[PDB]
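**Student:** Okay, here's the structure, questions in a sec.
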2 protein chains.
Amino acid sequence: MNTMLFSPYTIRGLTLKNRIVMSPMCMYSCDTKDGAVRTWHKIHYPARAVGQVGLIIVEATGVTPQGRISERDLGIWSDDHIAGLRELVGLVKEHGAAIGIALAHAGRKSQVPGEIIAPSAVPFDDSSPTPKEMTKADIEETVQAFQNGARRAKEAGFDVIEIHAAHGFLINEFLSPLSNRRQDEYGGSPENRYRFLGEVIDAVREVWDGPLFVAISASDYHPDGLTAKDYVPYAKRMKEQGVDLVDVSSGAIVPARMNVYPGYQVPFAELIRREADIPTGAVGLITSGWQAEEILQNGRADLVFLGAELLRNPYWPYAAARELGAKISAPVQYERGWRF
Amino acid sequence: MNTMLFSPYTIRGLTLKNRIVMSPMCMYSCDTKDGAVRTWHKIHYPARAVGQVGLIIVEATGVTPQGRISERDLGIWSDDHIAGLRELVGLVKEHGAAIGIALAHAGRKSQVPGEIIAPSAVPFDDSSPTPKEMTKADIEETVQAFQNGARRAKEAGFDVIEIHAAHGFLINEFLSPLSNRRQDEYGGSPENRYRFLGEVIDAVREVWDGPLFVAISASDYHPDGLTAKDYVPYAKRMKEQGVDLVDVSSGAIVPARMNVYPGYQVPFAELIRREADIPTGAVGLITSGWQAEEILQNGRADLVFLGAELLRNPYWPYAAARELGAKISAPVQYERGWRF
């Protein structure tokens, strides 16, 4: 009847109607290949809003055309993108939900034709292009791209920003010593590997005072790589720098074996939560409403992030609320249809 | 593995990918009160298309402003409506589904301010306005409105048209002797009560050669009213007149007791099907994929029409296909998410 999953959650001054969040998931549907928002996105994202998702994070959006994963990604490297994005914001908020955006750079895992960049000139695998080692100029400009992305997102009317430092992409690559072999201030030590992310958090916080997430991969799944222990100092640092919540997933820095099963990334989300004393978001194989409730109720995370579950059902919250016997607001058009 | 629910179904030359159909359900979301298509409709209808519904019938659309149920309904009484509707058609078809529209007149059950019309000047209940008995001129013009609605729907690019003669609305009111007390060619006998619908089917068929549904209420649930027996001659007539399928629901002509339970309108849909030798669509409380499969497999109907089920889940076909272990096409963006 009276559950935690469907309880409000305030981040800074922004209040989410529930703890359900849509994770960023690339839709590869910018057919115009210019980072533009499209018909697809205007159907896809508000559908989850209608289904009572409390916070919807728009897919990894490239801060530069270089930093796209693919050519068919969304972009925010130009003021021309603000209008497309502002409409998307309107269409999602109109139907109840809050909206965020994952500012992203794909680093050495970019599949865009041409030069791709990374902290060190070291490919993802045997089959991947070797990226260009970044100059201090490249670094500064990339931090600047992130700041501009944030400025644009603010102007488009987003409620939340997520700095995307996960899944083997640029920022994640600086953090992991597998990929960061630099011998200047940006590599070589725990504090140095953090600096890139740190300057991005500062750079974004200059132009944006709203709710701020950071996505991480808490484990590299590699003997010589990082583990969730390593992100505890980093999360403590993020807290001081003003990061409000940590979106805790894992993996994808280098090819690796991964044991996948229900809530397999929850203990990462909890370790960072308790040890760094910072709010976290759990993600990855959260099927039922029951399972989400246990996560929140046992202080494992503060928001449950959903992925395929919301691709499989955009109205998953209604399904979960039936399963938990909870009362939630139906759009007025579906009140009688959602017979409680 | 290999099921009937997810088998094609060709009507005239139009082939539906499966037997799933979204029933027309009024959304009361024309806030501009001018019959215009709106943001709401452009999210609502393509969401079900994305979820692999084979045929989506747009809500009861008023052929005149008088024939709206409410002021916030969709309309098709003007050529100005063609553009709004053509876009909606585009947004639904773009994402796989076929699209239809229920041409509607609300008769004496209209709640629009001003004059409402009916075959006889007899209200719905004690609490309802008394309608204006229709002149032969009124009749002709109403048939003409229906024809124009069809012409516009064709021009907007709809694949299917449904003449809405159900749920106690205008055409249904001519058919039922509860509501039709006329003593001219339009009332008094079984053949006379049919004539209004008959002239509408002819009038629509003049301007439209595509797939044509007719919605009926097979039972008035009243001792002196019609029963599904009575719609067998009428369905035989509809067949000759070129009607391709009959959308068989029931009730709502006058206030009445209704026993409601799973597939409670299926035997209506089957009687008309076998006895008139015409394709039918079953509707009303069809929860599972299992239950839909039995209907199709035992020749009870040819398409299952869905209502609240699709308000509760727009991707119900995916749910049903999991339940039946059937292979269906996911939009390319959700292929991996819909892991089969």
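Chain labels run A, B, ... following the order of the structure tokens; each chain numbers its residues from 1, and ligands are numbered from 1 in the order shown.
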Would you give me, as number ranges by chain, the residues of chain A that come within 10 Å of chain B, using only C-alpha atoms?

**Tutor:** A: 25-29, 39-40, 42-48, 50-51, 91, 94-95, 307-316, 318-319, 330, 332-339

**Student:** Looking only at the backbone, which of the residues in region 148-315 of chain B does DSSP tag as strand (DSSP E), as a compact mmCIF listing (two decimals) with N, CA and C atoms, in the first residue's frame?

**Tutor:**
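Generated file (states-v7.txt):
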```txt
# COMPACT_ATOMS: atom_id res chain seq x y z
N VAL B 160 -7.75 2.02 -43.07
CA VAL B 160 -9.02 1.40 -42.72
C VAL B 160 -9.98 2.47 -42.24
N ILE B 161 -11.25 2.29 -42.57
CA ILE B 161 -12.30 3.14 -42.06
C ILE B 161 -13.27 2.26 -41.29
N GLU B 162 -13.74 2.78 -40.16
CA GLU B 162 -14.77 2.12 -39.38
C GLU B 162 -15.95 3.05 -39.24
N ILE B 163 -17.11 2.60 -39.70
CA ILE B 163 -18.35 3.31 -39.46
C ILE B 163 -18.80 2.93 -38.06
N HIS B 164 -18.91 3.92 -37.18
CA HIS B 164 -19.25 3.66 -35.78
C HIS B 164 -20.75 3.71 -35.50
N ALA B 165 -21.33 2.51 -35.35
CA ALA B 165 -22.75 2.32 -35.15
C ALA B 165 -23.00 1.53 -33.87
N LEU B 212 -13.11 -1.77 -44.73
CA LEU B 212 -14.22 -1.07 -44.08
C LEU B 212 -14.79 -1.88 -42.94
N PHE B 213 -14.66 -1.35 -41.73
CA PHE B 213 -15.22 -1.98 -40.54
C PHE B 213 -16.52 -1.30 -40.21
N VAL B 214 -17.37 -2.00 -39.48
CA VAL B 214 -18.54 -1.41 -38.86
C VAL B 214 -18.61 -1.87 -37.42
N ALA B 215 -18.65 -0.91 -36.50
CA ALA B 215 -18.81 -1.20 -35.08
C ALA B 215 -20.30 -1.32 -34.73
N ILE B 216 -20.66 -2.39 -34.02
CA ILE B 216 -22.03 -2.54 -33.54
C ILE B 216 -22.07 -2.88 -32.05
N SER B 217 -23.24 -2.69 -31.46
CA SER B 217 -23.54 -3.19 -30.14
C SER B 217 -24.54 -4.31 -30.35
N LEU B 245 -15.42 -6.39 -42.32
CA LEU B 245 -15.37 -6.96 -40.97
C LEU B 245 -16.33 -6.22 -40.04
N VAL B 246 -16.81 -6.91 -39.02
CA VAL B 246 -17.69 -6.31 -38.03
C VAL B 246 -17.04 -6.29 -36.66
N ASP B 247 -16.90 -5.09 -36.12
CA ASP B 247 -16.32 -4.87 -34.81
C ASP B 247 -17.46 -5.03 -33.81
N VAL B 248 -17.48 -6.17 -33.12
CA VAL B 248 -18.63 -6.56 -32.32
C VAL B 248 -18.40 -6.32 -30.83
N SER B 249 -18.94 -5.22 -30.33
CA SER B 249 -19.05 -4.98 -28.90
C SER B 249 -20.53 -5.09 -28.54
N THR B 280 -15.27 -11.14 -38.23
CA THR B 280 -15.56 -10.33 -37.04
C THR B 280 -14.34 -10.04 -36.17
N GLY B 281 -14.46 -8.98 -35.38
CA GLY B 281 -13.48 -8.64 -34.37
C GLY B 281 -14.07 -8.72 -32.98
N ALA B 282 -13.45 -9.51 -32.12
CA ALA B 282 -13.91 -9.68 -30.75
C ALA B 282 -13.25 -8.64 -29.88
N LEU B 303 -9.99 -11.06 -35.70
CA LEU B 303 -9.06 -10.14 -35.06
C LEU B 303 -9.50 -9.94 -33.63
N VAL B 304 -8.54 -9.81 -32.72
CA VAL B 304 -8.86 -9.45 -31.35
C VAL B 304 -8.63 -7.97 -31.18
N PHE B 305 -9.67 -7.27 -30.75
CA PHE B 305 -9.60 -5.84 -30.54
C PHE B 305 -9.25 -5.64 -29.08
N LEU B 306 -8.35 -4.71 -28.78
CA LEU B 306 -7.92 -4.47 -27.41
C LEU B 306 -8.24 -3.05 -26.95
```

**Student:** What's the 10 Å shell around residue 83 (chain B), counting only C-alpha atoms, without same-chain residues fewer than 4 positions away, as a ChimeraX atom specification?

**Tutor:** /B:36-37,79,87-89,152,155-156

**Student:** Nearest to residue 66 (chain B) among B:197, B:112, B:121, B:102, with distances taken over only C-alpha atoms: which residue is it?

**Tutor:**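 Result for the nearest residue to residue 66 (chain B): B:112.
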
**Student:** Which neighbours of residue 58 (chain B) fall inside 7 Å, counting only C-alpha atoms, when residues of the same chain fewer than 2 positions from it are skipped, and could you give them as a list in words?

**Tutor:**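 Result of the neighbour search: residues 24, 56, 60, 100, 101 and 102 of chain B.
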
**Student:** Those residues with C-alpha atoms, as a PDB file, in the first residue's frame please?

**Tutor:**
```pdb
ATOM      1  CA  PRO B  24     -11.088   3.216 -30.701  1.00  0.00           C
ATOM      2  CA  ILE B  56      -4.595   0.958 -34.653  1.00  0.00           C
ATOM      3  CA  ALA B  60     -14.406   8.072 -32.383  1.00  0.00           C
ATOM      4  CA  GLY B 100      -7.810   3.215 -39.211  1.00  0.00           C
ATOM      5  CA  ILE B 101     -10.342   5.706 -37.963  1.00  0.00           C
ATOM      6  CA  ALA B 102     -13.787   5.430 -36.429  1.00  0.00           C
TER       7      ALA B 102
END
```

**Student:** Quick one: distance from CA of residue 127 (chain B) to CA of residue 189 (chain B) in Å, one decimal?

**Tutor:**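 CA of residue 189 (chain B) lies at a distance of 28.7 Å from CA of residue 127 (chain B).
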
**Student:** Would you list the contacts of region 224-235 of chain B as a compact mmCIF listing (two decimals) with N, CA and C atoms, in the first residue's frame, taking every protein, DNA or RNA residue within 8 Å and counting only C-alpha atoms, but skipping same-chain residues closer than 2 positions in sequence?

**Tutor:**
```
# COMPACT_ATOMS: atom_id res chain seq x y z
N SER B 176 -31.90 0.39 -33.02
CA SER B 176 -32.67 -0.09 -31.87
C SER B 176 -34.05 0.55 -31.77
N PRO B 177 -35.10 -0.28 -31.64
CA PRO B 177 -36.45 0.26 -31.50
C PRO B 177 -36.71 0.93 -30.14
N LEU B 178 -35.82 0.73 -29.18
CA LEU B 178 -35.88 1.47 -27.93
C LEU B 178 -35.81 2.96 -28.23
N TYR B 194 -32.58 -0.41 -40.23
CA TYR B 194 -31.29 -0.59 -40.88
C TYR B 194 -30.92 0.51 -41.89
N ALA B 218 -24.06 -5.55 -30.25
CA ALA B 218 -24.86 -6.72 -30.62
C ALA B 218 -26.04 -6.97 -29.68
N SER B 219 -26.03 -6.33 -28.50
CA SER B 219 -27.13 -6.47 -27.55
C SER B 219 -27.41 -5.19 -26.78
N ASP B 220 -28.70 -4.90 -26.63
CA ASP B 220 -29.16 -3.74 -25.89
C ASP B 220 -29.33 -4.06 -24.41
N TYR B 221 -29.26 -5.35 -24.06
CA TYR B 221 -29.47 -5.81 -22.68
C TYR B 221 -30.79 -5.29 -22.13
N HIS B 222 -31.85 -5.46 -22.91
CA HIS B 222 -33.17 -4.97 -22.55
C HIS B 222 -34.23 -5.86 -23.19
N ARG B 237 -26.53 -8.29 -44.62
CA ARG B 237 -26.75 -7.10 -45.43
C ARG B 237 -25.44 -6.32 -45.60
N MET B 238 -24.77 -6.06 -44.48
CA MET B 238 -23.46 -5.39 -44.47
C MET B 238 -22.47 -6.08 -45.41
N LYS B 239 -22.49 -7.42 -45.41
CA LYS B 239 -21.59 -8.19 -46.26
C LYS B 239 -21.80 -7.85 -47.73
N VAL B 246 -16.81 -6.91 -39.02
CA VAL B 246 -17.69 -6.31 -38.03
C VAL B 246 -17.04 -6.29 -36.66
N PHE B 268 -21.06 -13.07 -29.03
CA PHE B 268 -21.69 -12.16 -30.00
C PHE B 268 -20.87 -12.16 -31.27
N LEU B 271 -21.33 -15.57 -33.17
CA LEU B 271 -22.65 -15.77 -33.77
C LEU B 271 -22.72 -15.02 -35.10
N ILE B 272 -22.40 -13.72 -35.09
CA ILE B 272 -22.39 -12.92 -36.31
C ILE B 272 -21.42 -13.51 -37.33
N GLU B 275 -22.97 -17.22 -38.53
CA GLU B 275 -24.31 -17.14 -39.08
C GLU B 275 -24.40 -16.20 -40.28
N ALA B 276 -23.67 -15.09 -40.26
CA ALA B 276 -23.65 -14.14 -41.40
C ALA B 276 -22.54 -14.43 -42.41
N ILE B 278 -19.35 -13.62 -42.14
CA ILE B 278 -18.58 -12.38 -42.29
C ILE B 278 -17.45 -12.31 -41.25
```

**Student:** Using only C-alpha atoms, which protein or nucleic acid residues come within 8 Å of residue 270 (chain A)? Drop anything in the same chain fewer than 6 positions from it, and give the result as a list in words.

**Tutor:** residues 280, 299, 300 and 301 of chain A

**Student:** Include C-alpha atoms and write out the residues we just selected as a short mmCIF file (atom, residue, chain, number, x, y, z; two decimals), in the first residue's frame.

**Tutor:**
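Final output, again27.cif:
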```cif
data_model
loop_
_atom_site.label_atom_id
_atom_site.label_comp_id
_atom_site.auth_asym_id
_atom_site.auth_seq_id
_atom_site.Cartn_x
_atom_site.Cartn_y
_atom_site.Cartn_z
CA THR A 280 23.69 6.28 -5.56
CA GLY A 299 19.88 1.27 1.73
CA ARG A 300 21.63 -0.30 -1.27
CA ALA A 301 20.75 2.67 -3.50
#
```

**Student:** Just to confirm, what's the straight-line distance from CA of residue 107 (chain B) to CA of residue 169 (chain B) in Å (one decimal)?

**Tutor:**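 Computing the Euclidean distance for CA of residue 107 (chain B) and CA of residue 169 (chain B) yields 5.0 Å.
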
**Student:** What is the distance, in Å and to one decimal place, between CA of residue 143 (chain B) and CA of residue 75 (chain B)?

**Tutor:**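 If I compute the distance from CA of residue 143 (chain B) to CA of residue 75 (chain B), I get 15.7 Å.
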
**Student:** Could you tell me, as a ChimeraX atom specification, which residues of region 82-237 of chain A DSSP assigns to alpha helix (DSSP H) when given the backbone?

**Tutor:** /A:82-94,136-156,170-175,190-207,231-237

**Student:** Within 9 Å of residue 144 (chain B), counting only C-alpha atoms, which residues show up once you throw out same-chain ones fewer than 5 positions away? Write them as a list in words, please.

**Tutor:**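 Selected residues are residues 139, 149, 200, 203 and 204 of chain B.
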